[PDB]
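In what follows, a single structure is set out as structure tokens and then discussed.
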Amino acid sequence: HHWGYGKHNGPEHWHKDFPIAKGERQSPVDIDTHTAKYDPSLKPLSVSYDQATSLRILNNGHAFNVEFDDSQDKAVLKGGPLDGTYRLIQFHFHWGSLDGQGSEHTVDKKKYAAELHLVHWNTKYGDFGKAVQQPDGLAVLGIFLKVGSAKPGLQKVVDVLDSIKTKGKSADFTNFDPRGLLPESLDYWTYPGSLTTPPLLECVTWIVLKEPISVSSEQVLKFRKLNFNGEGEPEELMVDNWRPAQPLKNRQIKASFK
Ligand SMILES: CCCc1ccc(S(N)(=O)=O)cc1
Ligand SMILES: CCCc1ccc(S(N)(=O)=O)cc1
Ligand SMILES: [Zn+2]
């Protein structure tokens, strides 16, 4: 794998090694709020993170991931459009070089400063690897970030970034509560899509919250000081690690709210 976000290995190149990049249910997409329809068949959404067990934070050269113990039903997502139980495995963000860009999904073409992805796999498939071979294998909860007041529940993440500056670095990140990253409202849009990075697999039920969280300029500035490169290599700032909106094709976006 040599894909990235630069001019020479970015989203316009991915299809050459991952042909599904031009598939029928790719993500992200623009959410046209006027075209999205309230769906009364959606069940209440349940985010149950009270027993979440975070483990580690890692710079993988594309973003940073906070990883969780998913060997049991400790932190799960249920309800909404979902059939069954989806276990939290990791979260990460995508962000921009400037406040006016960074999100992957857009809302009426509006780009947010960043986007948080909480990644879950369908427990009926036994493990994450098997889940990504299924059309309903994954559920990703997406949350927009705008720049304004600081998000206190994000600060522990911001503070540890100095220790994972470069690709391949990791640090202990136990006892982190991901509930501190959510907005007040769970109103959402949902549609069937894909991973937004290679391998771009079409396994994801996307649940994108309507209400953004606010983070401070200082918090997002710290994200932008991370490096795509490994230690000892020329420095490339980890910024603009987002894929732009892809064709909606034969899909409808549903809203949980009237
Ligand atoms: C020297 C690496 C060149 C290169 C390899 C792979 C990709 S892709 N199709 O985005 O995975 C783009 C550029
Ligand atoms: C091995 C796949 C890892 C992975 C890639 C992309 C995503 S995302 N940006 O949430 O669609 C989640 C997990
Ligand atoms: Zn993501």
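Within each chain, counting starts at residue 1; across the structure tokens, chains are named A, B, ... in the order shown, with ligands numbered 1 upward in that order.
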
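Considering only C-alpha atoms and all ligand atoms, the residues that reside within 7 Å of ligand 1 can be listed as residues 1, 2, 3, 4, 8, 9, 10, 11, 13, 14, 15, 16, 17 and 18 of chain A.
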
Exercise: range 200-210 of chain A partners within 8 Å, only C-alpha atoms, chain neighbours under 2 positions left out, as a VMD selection string: chain A and resid 18 20 to 21 25 to 26 81 to 82 131 to 144 185 to 198 212

Which residue of A:237, A:243, A:24, A:168 approaches residue 60 in chain A most closely, using only C-alpha atoms: A:168

Close residues to ligand 3 using only C-alpha atoms and all ligand atoms, limit 9 Å, as an MDAnalysis selection string: chainID A and resid 63 91:94 104 115:119 140 142 195:197 242

Produce a file of the selected residues containing N, CA, C and O atoms, as a compact mmCIF listing (two decimals), in the first residue's frame.
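The new file result_17.txt reads:
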```txt
# COMPACT_ATOMS: atom_id res chain seq x y z
N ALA A 63 -3.99 8.86 9.73
CA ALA A 63 -4.68 9.58 10.79
C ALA A 63 -4.12 9.03 12.11
O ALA A 63 -3.11 8.33 12.09
N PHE A 91 -11.75 4.76 17.15
CA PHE A 91 -12.15 6.00 16.52
C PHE A 91 -10.94 6.74 15.98
O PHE A 91 -9.80 6.52 16.42
N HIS A 92 -11.20 7.63 15.03
CA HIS A 92 -10.18 8.48 14.43
C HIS A 92 -10.89 9.69 13.84
O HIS A 92 -12.13 9.76 13.83
N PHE A 93 -10.10 10.63 13.33
CA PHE A 93 -10.61 11.86 12.74
C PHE A 93 -10.03 12.05 11.34
O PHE A 93 -9.00 11.47 10.97
N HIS A 94 -10.71 12.91 10.59
CA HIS A 94 -10.18 13.49 9.35
C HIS A 94 -10.27 15.00 9.54
O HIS A 94 -11.24 15.49 10.13
N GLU A 104 -15.35 14.85 5.67
CA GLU A 104 -15.53 13.97 4.53
C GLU A 104 -16.96 14.10 4.02
O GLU A 104 -17.19 14.49 2.87
N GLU A 115 -13.96 15.73 11.04
CA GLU A 115 -15.01 14.73 11.20
C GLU A 115 -14.45 13.56 12.00
O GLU A 115 -13.37 13.03 11.69
N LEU A 116 -15.18 13.18 13.05
CA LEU A 116 -14.88 12.05 13.91
C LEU A 116 -15.63 10.83 13.43
O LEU A 116 -16.84 10.90 13.17
N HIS A 117 -14.93 9.70 13.33
CA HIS A 117 -15.49 8.41 12.95
C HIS A 117 -15.30 7.40 14.07
O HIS A 117 -14.16 7.04 14.41
N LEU A 118 -16.41 6.96 14.66
CA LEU A 118 -16.41 5.88 15.63
C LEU A 118 -16.80 4.61 14.88
O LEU A 118 -17.92 4.51 14.35
N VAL A 119 -15.88 3.66 14.80
CA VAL A 119 -16.00 2.50 13.93
C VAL A 119 -16.44 1.27 14.72
O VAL A 119 -15.84 0.95 15.75
N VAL A 140 -20.45 3.04 11.07
CA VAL A 140 -19.60 4.14 11.49
C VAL A 140 -20.48 5.32 11.89
O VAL A 140 -21.36 5.75 11.14
N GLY A 142 -20.52 9.06 12.53
CA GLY A 142 -19.78 10.23 12.11
C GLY A 142 -20.29 11.48 12.80
O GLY A 142 -21.49 11.70 12.92
N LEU A 195 -16.06 2.23 3.44
CA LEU A 195 -14.89 2.85 4.04
C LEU A 195 -14.48 4.04 3.17
O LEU A 195 -14.57 3.98 1.94
N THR A 196 -13.97 5.10 3.79
CA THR A 196 -13.58 6.29 3.04
C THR A 196 -12.09 6.31 2.70
O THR A 196 -11.61 7.26 2.09
N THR A 197 -11.35 5.27 3.10
CA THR A 197 -9.97 5.10 2.67
C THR A 197 -9.85 3.72 2.04
O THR A 197 -10.68 2.85 2.31
N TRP A 242 -8.74 13.84 4.11
CA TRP A 242 -10.15 13.59 3.83
C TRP A 242 -10.35 13.27 2.36
O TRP A 242 -9.67 13.82 1.49
```

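Backbone DSSP of range 1-241 of chain A yields alpha helix (DSSP H) at residues 128, 129, 130, 131, 155, 156, 157, 158, 159, 160, 217, 218, 219, 220, 221, 222 and 223 of chain A.
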
Write out, as a PDB file, in the first residue's frame, the residues just selected, with N, CA and C atoms.
```
ATOM      1  N   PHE A 128     -13.699  -8.568  13.133  1.00  0.00           N
ATOM      2  CA  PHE A 128     -13.695  -7.430  12.232  1.00  0.00           C
ATOM      3  C   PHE A 128     -13.351  -7.851  10.804  1.00  0.00           C
ATOM      4  N   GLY A 129     -12.380  -8.749  10.667  1.00  0.00           N
ATOM      5  CA  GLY A 129     -11.968  -9.221   9.355  1.00  0.00           C
ATOM      6  C   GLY A 129     -13.081  -9.883   8.565  1.00  0.00           C
ATOM      7  N   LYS A 130     -13.911 -10.657   9.254  1.00  0.00           N
ATOM      8  CA  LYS A 130     -15.053 -11.289   8.609  1.00  0.00           C
ATOM      9  C   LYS A 130     -16.135 -10.258   8.318  1.00  0.00           C
ATOM     10  N   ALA A 131     -16.280  -9.287   9.214  1.00  0.00           N
ATOM     11  CA  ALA A 131     -17.296  -8.255   9.057  1.00  0.00           C
ATOM     12  C   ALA A 131     -17.087  -7.441   7.782  1.00  0.00           C
ATOM     13  N   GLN A 155      -9.697  16.950  25.122  1.00  0.00           N
ATOM     14  CA  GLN A 155      -8.391  17.459  25.531  1.00  0.00           C
ATOM     15  C   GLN A 155      -7.357  16.373  25.848  1.00  0.00           C
ATOM     16  N   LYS A 156      -7.784  15.261  26.436  1.00  0.00           N
ATOM     17  CA  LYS A 156      -6.850  14.168  26.697  1.00  0.00           C
ATOM     18  C   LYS A 156      -6.220  13.644  25.405  1.00  0.00           C
ATOM     19  N   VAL A 157      -6.997  13.625  24.323  1.00  0.00           N
ATOM     20  CA  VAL A 157      -6.476  13.228  23.020  1.00  0.00           C
ATOM     21  C   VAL A 157      -5.442  14.241  22.533  1.00  0.00           C
ATOM     22  N   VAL A 158      -5.809  15.515  22.559  1.00  0.00           N
ATOM     23  CA  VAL A 158      -4.909  16.588  22.144  1.00  0.00           C
ATOM     24  C   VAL A 158      -3.577  16.535  22.891  1.00  0.00           C
ATOM     25  N   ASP A 159      -3.649  16.270  24.188  1.00  0.00           N
ATOM     26  CA  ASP A 159      -2.462  16.301  25.036  1.00  0.00           C
ATOM     27  C   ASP A 159      -1.465  15.184  24.747  1.00  0.00           C
ATOM     28  N   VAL A 160      -1.936  14.064  24.210  1.00  0.00           N
ATOM     29  CA  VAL A 160      -1.065  12.915  23.987  1.00  0.00           C
ATOM     30  C   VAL A 160      -0.435  12.917  22.586  1.00  0.00           C
ATOM     31  N   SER A 217      -9.813  26.336  18.399  1.00  0.00           N
ATOM     32  CA  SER A 217      -8.780  26.497  17.388  1.00  0.00           C
ATOM     33  C   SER A 217      -7.486  25.821  17.836  1.00  0.00           C
ATOM     34  N   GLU A 218      -7.174  25.942  19.123  1.00  0.00           N
ATOM     35  CA  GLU A 218      -5.960  25.345  19.669  1.00  0.00           C
ATOM     36  C   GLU A 218      -5.989  23.822  19.594  1.00  0.00           C
ATOM     37  N   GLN A 219      -7.163  23.235  19.798  1.00  0.00           N
ATOM     38  CA  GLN A 219      -7.300  21.787  19.723  1.00  0.00           C
ATOM     39  C   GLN A 219      -7.055  21.271  18.301  1.00  0.00           C
ATOM     40  N   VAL A 220      -7.704  21.875  17.311  1.00  0.00           N
ATOM     41  CA  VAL A 220      -7.527  21.408  15.940  1.00  0.00           C
ATOM     42  C   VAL A 220      -6.124  21.740  15.411  1.00  0.00           C
ATOM     43  N   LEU A 221      -5.542  22.843  15.875  1.00  0.00           N
ATOM     44  CA  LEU A 221      -4.171  23.189  15.507  1.00  0.00           C
ATOM     45  C   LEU A 221      -3.184  22.083  15.867  1.00  0.00           C
ATOM     46  N   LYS A 222      -3.417  21.426  16.999  1.00  0.00           N
ATOM     47  CA  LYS A 222      -2.556  20.332  17.435  1.00  0.00           C
ATOM     48  C   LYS A 222      -2.641  19.121  16.503  1.00  0.00           C
ATOM     49  N   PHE A 223      -3.837  18.829  15.991  1.00  0.00           N
ATOM     50  CA  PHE A 223      -3.996  17.762  14.999  1.00  0.00           C
ATOM     51  C   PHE A 223      -3.065  18.027  13.811  1.00  0.00           C
TER      52      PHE A 223
END
```

Top pick for closest residue to ligand 2, considering A:6, A:28, A:79, A:247 and counting only C-alpha atoms and all ligand atoms: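 Ranking A:6, A:28, A:79, A:247 by distance to ligand 2, first place goes to A:28.
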
Filtered DSSP result for range 151-193 of chain A, state strand (DSSP E), as a PyMOL selection string: chain A and resi 170-172+188-193

Restricting the output to N, CA, C and O atoms, write the selected residues as a PDB file, in the first residue's frame.
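Output saved as out_12.pdb:
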```pdb
ATOM      1  N   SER A 170       3.046   4.787  18.850  1.00  0.00           N
ATOM      2  CA  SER A 170       1.850   4.551  19.639  1.00  0.00           C
ATOM      3  C   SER A 170       2.115   4.899  21.098  1.00  0.00           C
ATOM      4  O   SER A 170       3.273   5.003  21.527  1.00  0.00           O
ATOM      5  N   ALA A 171       1.042   5.069  21.861  1.00  0.00           N
ATOM      6  CA  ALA A 171       1.149   5.350  23.287  1.00  0.00           C
ATOM      7  C   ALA A 171      -0.029   4.729  24.018  1.00  0.00           C
ATOM      8  O   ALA A 171      -1.100   4.540  23.434  1.00  0.00           O
ATOM      9  N   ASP A 172       0.167   4.412  25.291  1.00  0.00           N
ATOM     10  CA  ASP A 172      -0.929   3.950  26.132  1.00  0.00           C
ATOM     11  C   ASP A 172      -2.035   4.991  26.122  1.00  0.00           C
ATOM     12  O   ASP A 172      -1.768   6.188  26.213  1.00  0.00           O
ATOM     13  N   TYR A 188     -29.844  12.172  13.465  1.00  0.00           N
ATOM     14  CA  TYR A 188     -28.876  11.715  12.472  1.00  0.00           C
ATOM     15  C   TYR A 188     -29.479  11.518  11.095  1.00  0.00           C
ATOM     16  O   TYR A 188     -30.707  11.451  10.922  1.00  0.00           O
ATOM     17  N   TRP A 189     -28.571  11.423  10.129  1.00  0.00           N
ATOM     18  CA  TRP A 189     -28.857  10.933   8.793  1.00  0.00           C
ATOM     19  C   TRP A 189     -28.174   9.583   8.617  1.00  0.00           C
ATOM     20  O   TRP A 189     -27.116   9.330   9.210  1.00  0.00           O
ATOM     21  N   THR A 190     -28.757   8.721   7.797  1.00  0.00           N
ATOM     22  CA  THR A 190     -28.161   7.414   7.561  1.00  0.00           C
ATOM     23  C   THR A 190     -28.289   6.986   6.107  1.00  0.00           C
ATOM     24  O   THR A 190     -29.276   7.313   5.430  1.00  0.00           O
ATOM     25  N   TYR A 191     -27.281   6.268   5.624  1.00  0.00           N
ATOM     26  CA  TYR A 191     -27.295   5.736   4.271  1.00  0.00           C
ATOM     27  C   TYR A 191     -26.265   4.603   4.206  1.00  0.00           C
ATOM     28  O   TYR A 191     -25.346   4.545   5.036  1.00  0.00           O
ATOM     29  N   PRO A 192     -26.385   3.710   3.212  1.00  0.00           N
ATOM     30  CA  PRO A 192     -25.407   2.633   3.024  1.00  0.00           C
ATOM     31  C   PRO A 192     -24.204   3.123   2.221  1.00  0.00           C
ATOM     32  O   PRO A 192     -24.370   3.728   1.155  1.00  0.00           O
ATOM     33  N   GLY A 193     -22.998   2.869   2.718  1.00  0.00           N
ATOM     34  CA  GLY A 193     -21.797   3.326   2.047  1.00  0.00           C
ATOM     35  C   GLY A 193     -20.599   2.427   2.247  1.00  0.00           C
ATOM     36  O   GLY A 193     -20.716   1.202   2.338  1.00  0.00           O
TER      37      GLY A 193
END
```

Close residues, residue 226 in chain A itself excluded, 10 Å, only C-alpha atoms, min 2 positions apart in chain, as JSON, numbers by chain: {"A": [59, 61, 63, 64, 161, 162, 163, 164, 165, 166, 167, 221, 222, 223, 224, 228, 229, 235, 236, 237, 238, 239]}

Filtering to C-alpha atoms, could you give me those residues as a CSV table (one decimal), in the first residue's frame?
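Written file, part_24.csv:
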```csv
chain,number,residue,atom,x,y,z
A,59,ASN,CA,-0.3,7.2,14.3
A,61,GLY,CA,0.5,7.5,8.7
A,63,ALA,CA,-4.7,9.6,10.8
A,64,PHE,CA,-4.5,8.6,14.5
A,161,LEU,CA,-0.4,13.8,20.3
A,162,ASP,CA,3.1,15.0,21.1
A,163,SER,CA,4.0,11.4,21.8
A,164,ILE,CA,2.8,10.0,18.5
A,165,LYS,CA,4.0,12.6,16.1
A,166,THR,CA,5.2,10.2,13.4
A,167,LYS,CA,3.9,7.1,11.5
A,221,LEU,CA,-4.2,23.2,15.5
A,222,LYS,CA,-2.6,20.3,17.4
A,223,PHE,CA,-4.0,17.8,15.0
A,224,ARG,CA,-2.3,19.7,12.2
A,228,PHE,CA,2.3,11.6,7.8
A,229,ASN,CA,5.9,10.5,7.6
A,235,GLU,CA,8.4,16.1,7.5
A,236,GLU,CA,5.0,16.1,5.9
A,237,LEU,CA,2.3,17.6,8.0
A,238,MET,CA,-0.8,15.4,8.6
A,239,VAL,CA,-3.4,17.7,7.2
```
